[PDB]
Amino acid sequence: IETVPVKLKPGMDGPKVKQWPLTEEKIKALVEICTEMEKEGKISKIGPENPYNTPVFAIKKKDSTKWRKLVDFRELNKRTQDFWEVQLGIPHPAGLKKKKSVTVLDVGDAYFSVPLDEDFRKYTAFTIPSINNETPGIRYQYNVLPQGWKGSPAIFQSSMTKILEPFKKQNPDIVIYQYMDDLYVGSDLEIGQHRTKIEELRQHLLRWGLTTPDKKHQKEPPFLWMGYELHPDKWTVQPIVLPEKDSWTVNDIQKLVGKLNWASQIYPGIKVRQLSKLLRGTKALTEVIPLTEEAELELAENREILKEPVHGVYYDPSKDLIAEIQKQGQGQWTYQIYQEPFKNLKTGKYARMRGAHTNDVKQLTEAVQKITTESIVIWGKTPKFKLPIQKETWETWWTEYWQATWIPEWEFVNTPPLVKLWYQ
Amino acid sequence: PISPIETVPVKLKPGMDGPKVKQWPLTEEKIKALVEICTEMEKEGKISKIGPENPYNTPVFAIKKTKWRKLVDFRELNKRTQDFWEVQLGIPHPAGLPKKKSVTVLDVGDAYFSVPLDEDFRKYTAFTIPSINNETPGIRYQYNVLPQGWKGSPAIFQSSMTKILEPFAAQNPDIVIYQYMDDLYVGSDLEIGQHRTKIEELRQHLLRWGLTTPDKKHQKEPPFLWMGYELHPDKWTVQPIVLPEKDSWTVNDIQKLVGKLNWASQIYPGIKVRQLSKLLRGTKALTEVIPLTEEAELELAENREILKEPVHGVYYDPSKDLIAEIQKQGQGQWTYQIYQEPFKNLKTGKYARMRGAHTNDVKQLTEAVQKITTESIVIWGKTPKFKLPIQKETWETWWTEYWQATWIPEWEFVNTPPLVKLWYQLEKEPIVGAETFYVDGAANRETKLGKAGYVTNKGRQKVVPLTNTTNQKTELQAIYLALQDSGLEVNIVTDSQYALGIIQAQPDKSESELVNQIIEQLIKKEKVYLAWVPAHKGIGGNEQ
Ligand SMILES: N#Cc1cc2c(Oc3ccccc3OCCn3ccc(=O)[nH]c3=O)cccn2c1
C-alpha cells in the first residue's frame, strides 16, 4: 500500500531526548518485547548515523500480569503537528459530553500493520537503556505506524472511517470519537443494552481485522469492575460551598470573609461590608458571636450569587488547556481546568478506596489520568498539568501506576498557598 | 591494520558541503617530517593519494611528543558533518560491577585507523602537504579509515566493535566484556588457566578483524588505575587525594577543592562541602582571592581528618540484598551508606539542600532518600531497602498534612542519634480561653524603616521600632513579638500570607536568624494557633 509522506514543520529537526534509567525488571520487559517485535518486522536495529531518540517506558497493560511497552512520543508530536492537526487532523465532535454513557476502547493494535514512510522511519528511533552504563542501549526504529504517535491515527483515519461505516449506519444516534489509540463511544441507551451495543461494536471491529484487547474477565470476574465507563452528564463546573453552621464564631466568620474575598476575583458582585463591621471590635477568636439582619442579608445574597455560572466563560481553541490538582488529604484531590486564570472551564474532585490500597503518588497519577480523560471527552485534547509533587519523585514512580497509552504535558509547583479548603 | 568491516553511511549537514581551508604553514622540516609518516599510512592503506578532481581541503600541522605525530585541524569539518548518536555520557561506576575471579584489560591500537570510512564520504576529509615555496603542486591525501578527532570516529568505532564482538560472546556466553572507548575489559569465573585461554582466543578473533592487542600477556596487572579510580581484585577505592595547604585561596583553588572533596565523598564517608562552597557562592570572579571563614577552615580540617586513614568499598552481588542507611550531619548536610554486609560498603554519599531558605528535617530526609533512589536505579538497576532515623508515627504525621504528595519505599526504624522529630505542631483549631494577639508590621521601601506590633483582646498593645528591615521581615517580627509576650497558649492573627505560609510549613531551621528565633519560641509553647484575615479590609487589623 506504500506510504503517506511525512514531513516535519520546515525549520525543525527530529526529536533528541535523553532516555530515563530503568529497573532491571522493566529492562528485561523492554528487551523481550522489542525482541519479538523485531522478529515481527515491526521494528529494526539502527546504526550510529541515527542521532534521534525518543523515551521508552514499561507499564502494565491494564490489570494484566504481562508487560506493555509505552513510548513517549511527545517531542515528535510537537514537531509533527502540521501532519496530524493541520493536514490530516482528526475533528473532535462537541456533543460527546452530552451523552449519558461513554465507553472507551483500545484500537491501537491496528496501526501495527501499516507501513511507515521510509524517510521518516529514522525519527521514531528509541533506545532500550542498560544498567550502570555497561553499554549504550539497544537501538530500534519503527517500520510500521507506531503507537502513541499522533500521526498514526491521522493516517489510519481513512481505513478507520471505512470500517466504522456499517456500524454507524445501523445506529445513527451513536457518536464515536477517535483519539490516538483510543475509541470513545457515546450513547444514550440503558446501561444494560449499552454494554451489549458496545459488544456489538467490539465484535464488529474484531471480525474486520481490528483485534482489540478489550476482552474482559470473560464470563466470571473475581472482584473488579468490568468496563471503563464514564458519565459526562455529571461533568460540569462545581459550585463553591460556604460551610453551614448553627452558631458562628469570630474566627469562623474570619475564615468565611477571607474565603469570600478570594471569591471576589471570580465574582465582582460580592460585598463583605456587612460581614466586616461585625468583627470591628477586637475580640477573642473563640468568642461566640451571632449574626445580624444585615449580615444575614449579605450571607443569603452571596449564597445565591455563588451558585450561578460565571458569565462569559468560553473555550479558546488557540490557547492550551491548563489543569491544577491540589491535595485535600484523606485520599481526596481537588482539581480545576482553566485556560485563563479564574475562568474555570471545568472543576471537580476525585477520591479513592479507603483502606490500605492506595498511597499519595498512586492517587495523584490516577487523578491525572482521570482529569485527562475528561478533558479528551470535552475539548478533544489533553491539559498541561501543574503538579503538587517533587520533580525527581514523579519522574521515578509515575510509570508504575500509569495504564494510559498517552502522556500529557506536565510541570511541578513548589508553592501552593492557603488555597486548600477554598476549593473543598 | 586493514579491515573488511561494513561501513556506516555518512552525510554532511543539509545544504552544506565539504570544508575548504587553506594551509600555508610552516617549516621546511615539518613538511619533510610529514611525508615520512604519510608514506607509511599510505602503504598501510590508511590513506590514499589524489590529484584534484576536487578533494576539498583541511589544514594540517605536525607536532612532537623522538617520534613525530600528525595533527589535522578538523574543526571546519566537524561543524559540517551530520550529528551522530551520543556515545556514553558517563562511565560504569565500580559499585555496580559484577565481581569476577579474574579481570583482564585489553587496549586496541590505532583504534580509529583500524575501521574503514564510508566511500562517498572520504573525499571531504582530504588535505594537502605544502611544497617548499616555488608554487609547486601539493601532495593531496585522503582518509580511508576513521580519522582522529573527526566527529563520527568514536561512535563509528564503538559501533563496529559492538558488531565485531557479536559472533564471539555467542560462542562463549560465560565471559563478561565491558566496552569502554578504545578499551575492552574482560572478566570471568572460569579457571585461571581457562580464562587466559579465552582472552587469547578473543585476541585472535579481534586480530582477524584488524584490531591490535598488547602482546606481553595482556598488559596491565591489577590493581588498575582507571578514570581516577583504583580497582583491586577484591576492593575498590579512589586515587590518592591531595588537598593543598595554602595561605591564599582563589576561586580557581576552591573549585578544585570542592571538586576533589565531592569526588572523594563517594567512598570516604562524612565529607562535608557546605561551608567550603559557601565561599564559592561568589560566582563572579575566577581569579579573585577569597578569604576563608571560621566554619570553612574547620570543615576542611574535618575532611583532612577523614582523609588521613585509607578506606575502600566492595563490589556487587545480585544474590544478596541491597541496603541503604542515612545519617544527619545537622547543618542541612546528610551522609549515607549503601551496603550488602554491614562492614562492607558498596559506596557512600552526601546530600545537602541548596534551593530554598526554609526546610524541615523530614522533608530533607525525603529528598535524601530520593537522590539515593535515583542513584540506586542508575547504578544497580534496583532500589534499596531503607534504614532511616525516623519513627513511623512521625513520618506518617508529616506526609498526611503536607500539601505536596511525597513517597518513601519500604523502610525500617533506626534509633541511631540524632533522630528526626517534629519539634512542634500548630493547633488545627483555635484555643478557647487563650489570649488573642492581632499582629501587624510595616516598612518604608525607601528609608528601610518601619515597625512591628500587636493589639490583644485583653487590651494589651505593643510596638517595636525597626531600622534597616523589609516589609516581610517586620511581618515575621510581629508574630515573633506575639510569641514573646504571650503565655503558653496563644492565638495569633496576621494579615501576611508571607509569614503565614512560612510558619505553616513548619520549618525546624532556616538561614534568617529571625526565623530561628521564631522556631525557638514555637518549641517552648504548649498550643499554638495561627489564623489569617485579609489585609486592608478594615476588620480587626492594625494601622501604623
Ligand atoms: N583497567 C581497567 C578496568 C577494568 C574494568 C572492568 O572489569 C570488568 C570486566 C568484566 C566484568 C567485571 C569487571 O570488573 C569488576 C570489578 N573488578 C575489577 C578488577 C578486578 O581485578 N576484579 C574485579 O572484580 C569493568 C569496568 C571498568 N573497568 C576498567
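So, how was this worked out
Residues numbered from 1 in each chain as written, not as in the entry; some residues may be left out. Chains lettered and ligands numbered in written order. Heavy atoms only, no water. Residues with missing side-chain atoms left out of burial classes, pairs and counts. Helix = DSSP H or I, 4+ residues; strand = E, 2+ residues; numbered from the N terminus. Rg over C-alpha atoms; globule rule 2.2 N^0.38 Å. Contact = heavy atoms within 4.5 Å. Buried area = accessible area lost by both parts, 1.4 Å probe. Salt bridge = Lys/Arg side-chain N within 4 Å of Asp/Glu carboxyl O. Polar contact = N/O pair within 3.5 Å; in protein donor to acceptor, adjacent residues only side chain to side chain. Nonpolar A, V, L, I, M, F, W, Y, C, P; charged D, E, K, R; others polar. Patch = residues over 30% accessible without salt bridge, like charges linked within 9 Å, V, L, I, M, F, W, Y side chains within 5 Å. Areas by Shrake-Rupley, 256 points an atom, 1.4 Å probe, with all protein chains shown as cover. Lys, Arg positive; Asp, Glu negative; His and termini not counted. Charge placed at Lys NZ, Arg CZ, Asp CG, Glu CD. Near = heavy atom within 4 Å. Domains from an automatic or database assignment. Core = buried A, V, L, I, M, F, W, Y, C linked by side-chain atoms within 4.5 Å. Buried < 20%, exposed > 50% of the residue type's maximum accessible area, 1.4 Å probe, protein only. Pairing = 2+ DSSP bridges. Axes fitted to C-alpha atoms, helices over the stretch in contact; angles between N-to-C directions. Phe/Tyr/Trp six-rings, centres within 6.5 Å; stacked < 30°, edge-to-face > 60°. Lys NZ or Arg CZ within 6 Å of the ring centre and 35° of its normal.

Some remarks on the overall build of chain B
- Each helix and strand counted, chain B has 13 helices and 23 strands in total.
- Relative to the 2.2 N^0.38 estimate, which gives 24 Å for 544 residues, the radius of gyration of chain B is 34 Å and therefore markedly larger than a compact globule would have.
- Here the C-alpha coordinates of chain B stretch approximately 105 × 65 × 50 Å along the principal axes.

Considering the interface of chain B and chain A
- Tallying the contact residues gives 59 residues for chain B and 50 residues for chain A.
- Both sides of the chain B and chain A interface together cover about 4700 Å² of buried area, and 57% of this is carbon and sulfur.
- Of all residues in chain B, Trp85(B), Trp403(B) and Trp407(B) give up the largest surface area on contact with chain A, accounting jointly for 18% of the area buried on that side.
- A salt bridge links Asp83(B) to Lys16(A); the nearest nitrogen and oxygen atoms lie 3.0 Å apart.
- Where chain B meets chain A, there are 14 residue pairs in polar contact.
- When contributions to the side of chain B that touches chain A are tallied by element, the ones reaching two or more residues are helix 3 (153-164), strand 7 (176-180), helix 9 (361-380), helix 10 (392-401), strand 18 (435-441), strand 19 (451-456), strand 21 (489-494) and strand 23 (527-532) of chain B.
- Broken down by element, the side of chain B that touches chain A gets its largest block of residues, nine residues, from helix 9 of chain B.
- Among the residues forming the side of chain B that touches chain A, the class breakdown is 33 nonpolar, 23 polar and three charged.

Considerations on a positive patch on the surface
- A grouping of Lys271(A), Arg273(A), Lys277(A) and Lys537(B) is seen on the molecular surface, where their side chains present a positively charged patch.
- Note that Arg273(A) resides in helix 7 (residues 273-276).

Observations concerning the site of the ligand
Residue and element names in this part refer to chain B.
- Surveying the vicinity of the ligand reveals 16 residues, the closest of which are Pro 98, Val 105, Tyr 185, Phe 224 and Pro 233.
- Contact with the protein chains removes 98% of the 610 Å² of surface that the ligand exposes when unbound.
- Contributing elements (two or more residues each) for the shell around the ligand: strand 4 (102-107), strand 7, strand 8 (183-188) and strand 9 (224-226).
- If one sorts the elements of the shell around the ligand by residue count, strand 8 sits on top with three residues.
- By residue class, the composition of the shell around the ligand is twelve nonpolar, two polar and two charged.
- In this structure, the shell around the ligand is formed jointly by two domains, domain 2 (88-112 + 154-222) and domain 3 (223-316), each of which donates at least three residues.

Regarding the domain arrangement of chain B
- Here chain B is partitioned into domain 1 (1-87 + 113-153), domain 2 (88-112 + 154-222), domain 3 (223-316), domain 4 (317-423) and domain 5 (424-544).
- Here the C-alpha centre of domain 3 of chain B lies 43 Å away from the C-alpha centre of domain 1 of chain B.

Some points on the domain arrangement of chain A
Residues and elements named next belong to chain A.
- Per the domain assignment, the segments of chain A are domain 1 (5-94 + 120-160), domain 2 (95-119 + 161-229), domain 3 (230-315) and domain 4 (316-424).
- In this structure, domain 3 and domain 4 have C-alpha centres spaced 26 Å apart.
- Taken residue by residue, the interface counts 15 residues in domain 3 and 21 residues in domain 4.
- Taken over both partners, the interface formed by domain 3 and domain 4 buries close to 1700 Å², and the fraction arising from carbon and sulfur atoms is 71%.
- If you sort the residues of domain 3 by the area they bury against domain 4, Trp 235, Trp 262 and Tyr 315 come out on top, with a joint share of 49%.
- Scanning the region where domain 3 abuts domain 4 turns up zero salt bridges.
- Linking domain 3 with domain 4 are two residue pairs in polar contact.
- Broken down by class, the residue content of the side of domain 3 that touches domain 4 amounts to ten nonpolar, four polar and one charged.

Some words on the nonpolar core
Residue and element names in this part refer to chain A.
- Judged by nonpolar contacts, the single largest core of 90 residues is most densely connected at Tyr 142, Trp 149, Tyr 184, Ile 325, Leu 387, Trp 394 and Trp 402.
- At nine residues, the largest contribution of residues to this core is made by helix 9 (residues 360-379).
- Contact partners of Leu 387, with chain neighbours within four places excluded, come to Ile 325, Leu 364, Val 368, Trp 394, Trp 410, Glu 411, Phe 412 and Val 413.

Some details on the sheet that holds strand 6 (residues 138-142) of chain A
Residues and elements named next belong to chain A.
- If you walk across this open sheet you meet the three strands as 1-6-5, and the pairing is antiparallel. Strand pairing shows two members of the sheet lacking a second neighbour, strand 1 (43-44) and strand 5 (126-128), which therefore form its edges.
- Packed onto the sheet, helix 1 (residues 24-39) meets strand 1, strand 5 and strand 6 and runs at close to 50° relative to strand 6.

With respect to a nonpolar patch on the surface
All names here are of chain B.
- On the surface, a nonpolar cluster with roughly 220 Å² of combined accessible area is contributed by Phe 61, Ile 63 and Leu 71.
- Mapped onto the secondary structure, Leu 71 falls in strand 3 (residues 68-72).
- Relative accessible area serves as the criterion here: at 33%, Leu 71 is assigned to the partly exposed category.

Details of the pairing of strand 4 (residues 101-106) of chain A
Residues and elements named next belong to chain A.
- Buried residues dominate strand 4, accounting for six of its six residues.
- Judged by which residues are buried, strand 4 turns out to be covered on both faces: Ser 101, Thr 103 and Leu 105 on one side and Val 102, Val 104 and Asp 106 on the other are all buried.
- The sheet contact formed by strand 4 and strand 8 (residues 182-187) spans six bridges and is antiparallel. Residue pairing in the sheet places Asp 106 in a bridge with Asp 182 of strand 8.
- As judged from the two bridges shared by strand 4 and strand 9 (residues 229-230), these two strands associate in the antiparallel manner. Bridging from a neighbouring strand, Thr 103 pairs with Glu 229 of strand 9.

Quick look at the sheet that holds strand 14 (residues 344-352) of chain B
Residues and elements named next belong to chain B.
- Read from one edge of the open sheet, five strands run 14-13-12-16-17, paired in mixed fashion. The open sheet terminates on both sides in strands that have one partner only, identified here as strand 14 and strand 17 (411-413). Adjacent strand axes in the sheet meet at a mean angle of 25° when their direction is disregarded.
- Pairing of strand 16 (residues 385-388) with strand 17, which is carried by three bridges, proceeds in the parallel orientation. Within strand 17, the residue paired with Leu 388 across the bridge is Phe 413.
- The strands that helix 9 touches are strand 12 (323-328), strand 13 (333-341), strand 14 and strand 16; relative to strand 14, the one it contacts most, it runs at about 135°.

Observations regarding the packing of aromatic side chains
- Under the counting rule described, the total for this entry stands at 39 aromatic pairs over all chains.
- Joined through ring pairs, the aromatic side chains of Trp20(A), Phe57(A), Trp394(A), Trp398(A), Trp402(A), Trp406(A) and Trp410(A) make up one cluster.
- Over the face of the ring belonging to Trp85(B) we find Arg139(A), whose NZ or CZ atom lies 4.3 Å from the ring centre.
- A cation sits over an aromatic face here: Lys362(A) above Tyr401(A), 5.8 Å from the ring centre.

So, the pattern of salt bridges
- All chains considered together, the criterion is met by 48 salt bridges over all chains.
- For the salt bridge of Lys381(A) with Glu85(A), the shortest nitrogen-to-oxygen distance reads 3.9 Å. Linking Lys381(A) in the loop between helix 9 and strand 13 (384-387) with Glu85(A) in helix 2 (residues 74-87), this pair joins segments that are 296 residues apart in sequence.
- For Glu85(A), a relative accessible area of 37% gives the class partly exposed.
- Among the ionic pairs, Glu200(B) bridges to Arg203(B), the shortest N-O distance being 2.9 Å. Residue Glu200(B) and its partner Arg203(B) are both found in helix 5 (residues 192-208); the two are separated by three residues, about one turn of the helix.
- Accessibility expressed as a relative area gives 10% for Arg203(B), which makes it buried.
- What you see here is one network of salt bridges that share partners, running through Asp13(A), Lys16(A), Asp83(B) and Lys151(B).

What to know about the environment of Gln19(A)
All names here are of chain A.
- For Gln 19, the location among the structural elements is in the segment before helix 1.
- Owing to a relative accessible area of 16%, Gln 19 belongs among the buried residues under this scheme.
- Measuring from C-alpha to C-alpha, the distance between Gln 19 and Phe 342 comes to 37 Å, with 323 residues separating the pair along the chain.
- If sequence neighbours within four positions are ignored, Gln 19 has contacts with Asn 53, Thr 54, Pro 55, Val 56, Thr 127 and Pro 129.
- Within polar-contact distance, the side chain of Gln 19 engages the backbone oxygen of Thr 127 at 3.5 Å.

Comments concerning the pairing of strand 3 (residues 67-71) of chain A
Residues and elements named next belong to chain A.
- Burial within strand 3 is extensive, with five of its five residues counted as buried.
- Where burial is concerned, the two faces of strand 3 agree: the one with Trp 67, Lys 69 and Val 71 and the one with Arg 68 and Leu 70 are both buried.
- Looking at chain direction, strand 2 (residues 56-60) and strand 3 are connected through five bridges and run antiparallel. Bridge pairing links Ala 58 to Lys 69 in strand 3.
- Remark: six residues form the turn of the hairpin made by strand 2 and strand 3, two consecutive strands paired antiparallel.

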